[PDB]
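This one is an experimental structure. Sequence first:
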There are 2 protein chains.
Amino acid sequence: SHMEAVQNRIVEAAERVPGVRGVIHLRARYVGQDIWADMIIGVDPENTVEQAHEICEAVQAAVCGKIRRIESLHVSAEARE
Amino acid sequence: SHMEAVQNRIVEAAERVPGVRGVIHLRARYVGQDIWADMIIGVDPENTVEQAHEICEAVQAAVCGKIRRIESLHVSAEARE
Ligand code: NI
Ligand code: NI
């Protein structure tokens, strides 16, 4: 439930990035005191693959800048209406 | 040093509020799993007392909204150049 607080922070930080149409999936786990996390964001189907990659990379920087314990974060994108 | 992370978050959140001219002082302590904290912000000497009170109250809401473990936060203001 310290983990719930962290997950909340991840979702919230991802959701503030331009182009994010929700957090579709988030798995977070501790590896010692560090967090490793895997997430899928929604994106406009009409974005280019390159734009979706940009948004992912912006999510990664936004989330890692906010949540200093994260030491690995993978972000993928899926079309969401 | 989990406390350092929390203090950092408090300062950072206070500093993003309009009218804050730094965090002059921050004392934070755990009361169980909750944080109680006392802070002093800088404010423009030419602000009114009422504006300084507004900024304090905005700091309180900004910090408490960001840092869910805080259950008591006092914010005061001092002139800062
Ligand atoms: Ni690239
Ligand atoms: Ni008032």
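Okay, I see it. Numbers count the residues shown, from 1 in each chain, chains lettered A, B, ... in the order given. Ligands and ions are numbered 1, 2, ... in the order given.

contacts, neighbours, all on C-alpha from now
Will do.

So in chain A, which helix runs the longest?
helix A:49-66 (DSSP state H).

Export that helix to CSV, keeping only CA atoms.
The C-alpha coordinates for helix A:49-66 follow below in CSV (Å, rounded to 0.1, in the frame of the first residue of the first chain):
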residue,chain,number,x,y,z
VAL,A,49,4.1,5.8,-35.0
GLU,A,50,6.8,8.4,-34.6
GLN,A,51,4.5,10.6,-32.6
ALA,A,52,3.5,7.7,-30.4
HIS,A,53,7.2,7.0,-29.8
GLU,A,54,7.7,10.7,-28.9
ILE,A,55,4.8,10.6,-26.4
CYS,A,56,6.2,7.4,-24.9
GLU,A,57,9.6,8.9,-24.5
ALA,A,58,8.0,12.0,-22.9
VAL,A,59,6.0,9.8,-20.5
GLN,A,60,9.3,8.1,-19.5
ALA,A,61,11.1,11.4,-18.7
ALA,A,62,7.9,12.9,-17.0
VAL,A,63,7.5,9.9,-14.8
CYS,A,64,11.1,9.3,-14.0
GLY,A,65,11.6,13.0,-13.2
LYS,A,66,8.8,12.9,-10.7
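
which helices and strands does that helix pack with?
For helix A:49-66, the packing partners by 3 or more CA pairs under 8 Å, 6 or more residues apart in numbering or on different chains; DSSP states H and E come out as helix A:2-15, strand A:70-79.

Buried residues in the longest one, which are they?
For helix A:2-15, the neighbour count (16 or more other CA atoms under 10 Å in any protein chain shown) marks A:6-7, A:9-11, A:13-15 as buried.

again, but for the last one
When neighbours are counted by 16+ other CA under 10 Å, the buried residues of strand A:70-79 are found to be A:70, A:73, A:75-77.

List just the nearest of these to residue B:41.
Nearest to residue B:41, judged by CA to CA, of the buried residues of strand A:70-79 is residue A:70 at 29.7 Å.

is it true that that closest one touches residue A:31?
No - judged on CA atoms under 8 Å, residue A:70 makes no contact with residue A:31 at a distance of 9.8 Å.
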